[PDB]
Every structure is written in C-alpha cells, then in structure tokens.
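[1] Fold the stuff below for me.
(one chain, ligands or ions: 4)
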Amino acid sequence: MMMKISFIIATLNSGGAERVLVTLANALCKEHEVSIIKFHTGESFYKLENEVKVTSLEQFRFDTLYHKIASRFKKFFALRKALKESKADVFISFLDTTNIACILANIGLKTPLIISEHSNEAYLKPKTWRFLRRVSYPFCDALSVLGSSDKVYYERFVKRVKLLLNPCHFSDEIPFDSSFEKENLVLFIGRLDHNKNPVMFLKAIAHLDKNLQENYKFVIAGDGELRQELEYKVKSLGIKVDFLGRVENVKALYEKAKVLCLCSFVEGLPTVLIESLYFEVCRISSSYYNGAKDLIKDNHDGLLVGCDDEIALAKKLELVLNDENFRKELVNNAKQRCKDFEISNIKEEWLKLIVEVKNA
Ligand SMILES: O=c1ccn([C@@H]2O[C@H](COP(=O)(O)OP(=O)(O)O)[C@@H](O)[C@H]2O)c(=O)[nH]1
Ligand SMILES: [Cl-]
Ligand code: NA
Ligand code: NA
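    Numbers count the residues shown, from 1 in each chain. Ligands and ions are numbered 1, 2, ... in the order given. Next comes the structure:
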C-alpha cells in the first residue's frame with residue numbers, strides 16, 4: 001500500500017537529527033506520501049526530494065512579555081492545526097522538546113505518533129524537562145532510540161521502544177569499491193558548542209610535530225556559539241585552522257580527508273563517525289558517554305581517546321599521519337560497518353515500526 005507520513009521537527013539546520021530525517025523522508029517519499037512539519041521557517045540545509053512536502057509554521061514575535069507568552073499558545077494551536085490538515089496515517093516527531101509538544105498537540109487526534117530521541121538519555125540535563133519527558137513519553141505510540149543503554153532506560157516506562165540505527169545517505173551515492181586520493185587534511189565536523197568540545201581539537205593540533213602542522217591543513221566544518229572563542233584560541237595557540245562555517249558539500253571534505261576527529265563528551269550515535277566509513281576516512285574519537293565501542297573497535301576500526309585528553313588525541317593523530325599503511329589497514333576494516341547503515345534496510349525497519357503501531 002501507501003501511507004501518509006508526517007515528520008515533525010523544530011528546524012532543518014546542519015545537524016545530525018535533521019540529516020537522518022531528510023535521509024528517511026527522501027527514501028520513503030518514493031513509495032509513500034511524506035510531509036514535514038517544521039517550526040522554523042527557512043529552507044532545509046540538506047537536499048530534499050521534490051516529492052516530500054514541507055510546511056513551516058507561522059512566524060511569531062518573541063520580543064515582548066505579551067508575545068513571549070502569547071506566541072507559545074499560538075504556536076501550540078498552529079501545530080495542532082497542521083497535524084489535522086496533514087491527514088496522516090502516522091506522525092513521527094524528532095528530538096526531546098518537540099516530542100512532548102507532539103504528545104500534547106496530538107491529544108484528541110486519532111493518528112498514532114512515533115517519537116524519536118537522538119542524543120543519549122543524559123544529554124537532557126534540566127531537572128524540569130527530564131520530568132516532563134517522564135510523564136509525557138508514556139503517551140506515545142512508540143519510541144525510536146539509537147543505543148542499547150537508552151533502550152533499557154526508556155523501556156521501563158514506555159511500552160514500545162525500538163532501536164533504529166542512523167541511516168547514511170552516502171550508502172547510496174558512494175560505491176563500495178572507490179579509491180580515494182587523500183590529501184594532508186584532517187577534519188573536525190560538528191557544532192561549535194561546549195559538548196562537541198572543539199577546543200580539545202585545537203589543543204591537540206598545537207601538540208603535533210612541527211612537520212605535521214607545516215604540511216597538513218586542519219579544517220573545522222560547522223558553526224555554533226563557540227565560533228569566535230575558537231578563532232581566538234587559534235591565534236592564542238598560533239596554529240593554522242580553517243573555519244568553514246556550515247558546509248553543504250561534506251562529500252568533498254570526506255573525499256580528501258585522511259582523519260576525522262570527534263571530541264564530544266556525550267553522544268548518541270554520531271553520524272560523522274558513520275559517514276566517514278564510506279570515504280576511507282580514519283576516525284579518531286573520544287570515548288564519549290555510551291556509544292563509542294559500538295562504532296569503533298579500538299586499534300581495529302579506528303582510534304579511541306579518553307574524554308577530554310588533548311595529548312592522547314595528539315599521539316593518536318601522529319600515529320596515523322606517520323604510518324599510512326596503518327591508517328589504510330584501520331580504514332579497510334571500517335568498511336565492514338557500511339552494511340549496518342544502509343538506507344534500504346533501515347527504512348524497512350521504520351516501516352515495520354509504522355505498521356506495527358498502526359494496529360491501534
Ligand atoms: O557544516 C556542516 C556540519 C555538519 N554537517 C552534517 O551534520 C551532521 C552532524 O551530525 P552528528 O552525527 O555529528 O550529530 P549531532 O552533532 O547533530 O548531534 C553530519 O551528517 C554532518 O554531515 C554538515 O553537513 N555540514
Ligand atoms: Cl543525532
Ligand atoms: Na528562544
Ligand atoms: Na548524535
């Protein structure tokens with residue numbers, strides 16, 4: 001058959017949850033009718049297939065006390081409005097606060113709703129939001145999670161929880177056979193906020209051999225609050241790092257890069273550590289809270305570093321950039337994990353979840 005599937009998400013900016021949603025929608029939009037309701041006006045950062053319909057909610061003032069109060073009430077009823085007109089067989093909502101809003105807005109409407117979490121359980125820190133997540137999530141029809149630790153946490157107060165890995169859209173484009181002409185390039189792709197911890201990337205570059213810094217180009221793809229602070233630590237440390245802002249063609253960067261470094265403290269299942277697999281990019285990652293070992297088998301598929309260890313990241317960096325035959329062997333083993341993130345297999349596991357919850 002064919003189903004109307006409505007995705008609900010706050011924004012569609014250069015983030016991981018957004019990348020997965022566009023990947024899923026683009027895959028489902030051929031055989032089903034998929035719409036996307038987003039709170040933020042503006043165009044999707046990721047290329048979206050013409051068949052998926054995107055509707056952005058009204059824009060509301062937030063400058064004054066009356067509007068800060070009124071806009072939220074107006075936002076809720078515009079979302080309840082959009083849900084009714086979508087005429088969907090199923091709703092799929094993304095990320096913590098938007099899941100709760102959909103739980104409430106969907107009250108009354110006769111369509112099942114699937115919520116999905118994307119960071120670890122622990123990334124949501126405020127005491128109050130952890131509570132509203134606890135009382136409201138039992139009222140969903142199913143919950144998609146990324147790791148086994150989050151499955152165990154939510155299963156005790158959510159009845160249907162399914163673990164669905166992130167699908168990588170590069171598994172369609174990039175053929176599993178391609179040779180790469182690597183350059184002396186090292187990537188840090190991610191948001192420039194505290195948890196991504198990009199300062200660890202900078203301090204680790206400063207501790208690299210003078211030969212490596214002189215003959216390698218280090219770039220930071222992404223943006224965030226810490227952008228200007230990092231620009232000044234690059235001068236404080238006296239290194240050469242190329243800030244690129246948000247980048248559409250990460251395929252080009254992944255195509256030339258030899259190493260990608262992830263330095264986060266807490267993560268669910270980082271897509272930069274998945275996308276890298278298709279481009280023979282060597283992953284060096286901090287042992288972020290939880291995931292870690294299921295993406296990187298240390299010294300076999302990649303290199304792991306303790307959390308916030310600027311020197312350990314530097315020694316691992318020199319290991320790979322001073323031993324191309326070892327980085328190649330590290331990276332050829334990583335190719336085995338490509339099958340785990342193929343779009344076609346993961347789309348069919350969402351379709352099982354959708355028809356399973358559609359038995360209401
Ligand atoms: O300048 C950028 C920065 C990031 N991304 C994409 O945004 C995603 C990052 O998601 P991640 O797995 O790191 O999880 P998140 O940091 O969003 O929680 C990746 O697919 C990147 O390819 C991008 O396309 N351009
Ligand atoms: Cl994510
Ligand atoms: Na705000
Ligand atoms: Na993530």
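[2] what's the spacing between the residue of the stretch 201-350 of the chain found nearest ligand 1 and ligand 4?
    Closest residue of the stretch 201-350 of the chain to ligand 1, CB to the nearest ligand atom: residue 271 (3.2 Å). Every C-beta, even on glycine, is put in place using the N, C-alpha and C of the backbone. If you measure residue 271 against ligand 4 using CB to the ion, to the nearest Å, the figure is 7 Å.
[3] Spatially nearest residue to that residue, not counting backbone neighbours?
    The shortest distance from residue 271 to any non-neighbouring residue, by CB to CB, 6 or more residues apart in numbering, is to residue 16 (4.8 Å).
[4] what do you get for residue 96?
    residue 124 (5.4 Å).
[5] who's in contact with the residue of the stretch 1-150 of the chain found nearest ligand 4?
    Closest residue of the stretch 1-150 of the chain to ligand 4, CB to the ion: residue 16 (4.5 Å). Counting by CB atoms under 8 Å, 6 or more residues apart in numbering, residue 16 touches 118, 166, 270-272.
[6] and with 7 Å instead?
    118, 270-271 (CB atoms under 7 Å, 6 or more residues apart in numbering).
[7] Okay, buried residues for the helix ranked longest in the chain please.
    Longest helix in the chain by number of residues (criterion: DSSP state H): helix 65-86. For helix 65-86, the neighbour count (16 or more other CB atoms under 10 Å) marks 71, 75, 78-80, 82-83, 86 as buried.
[8] Which residues of the protein lie near ligand 4?
    16, 267-268, 270 (CB under 5 Å from the ion).
[9] please redo it, this time with the cut-off set to 8 Å
    16-17, 118-119, 146, 166, 267-271 (CB under 8 Å from the ion).
[10] Show only the entries of those residues found in helices.
    Filtering the residues of the chain next to ligand 4 for helices - DSSP H - leaves 16-17.
[11] As PDB, could you dump the C-alpha coordinates of the longest helix of the chain?
    Extracted as PDB, the C-alpha positions of helix 65-86 are listed here (Å, rounded to 0.1, in the frame of the first residue of the first chain):
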ATOM      1  CA  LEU A  65       6.300  39.800  27.500                       C
ATOM      2  CA  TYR A  66       2.900  39.500  25.900                       C
ATOM      3  CA  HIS A  67       4.300  37.900  22.800                       C
ATOM      4  CA  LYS A  68       6.700  35.600  24.700                       C
ATOM      5  CA  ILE A  69       3.500  34.300  26.400                       C
ATOM      6  CA  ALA A  70       1.000  34.600  23.500                       C
ATOM      7  CA  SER A  71       3.300  33.100  20.800                       C
ATOM      8  CA  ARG A  72       3.700  29.800  22.700                       C
ATOM      9  CA  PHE A  73      -0.100  29.400  22.900                       C
ATOM     10  CA  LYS A  74      -0.400  30.400  19.200                       C
ATOM     11  CA  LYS A  75       2.500  28.000  18.300                       C
ATOM     12  CA  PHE A  76       0.700  25.100  20.000                       C
ATOM     13  CA  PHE A  77      -2.600  25.600  18.200                       C
ATOM     14  CA  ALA A  78      -0.900  26.100  14.800                       C
ATOM     15  CA  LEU A  79       0.800  22.800  15.400                       C
ATOM     16  CA  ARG A  80      -2.400  21.100  16.300                       C
ATOM     17  CA  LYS A  81      -3.800  22.700  13.200                       C
ATOM     18  CA  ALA A  82      -1.100  21.400  10.900                       C
ATOM     19  CA  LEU A  83      -1.500  17.900  12.300                       C
ATOM     20  CA  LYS A  84      -5.200  17.800  11.400                       C
ATOM     21  CA  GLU A  85      -4.700  19.000   7.800                       C
ATOM     22  CA  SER A  86      -1.900  16.600   7.200                       C
END
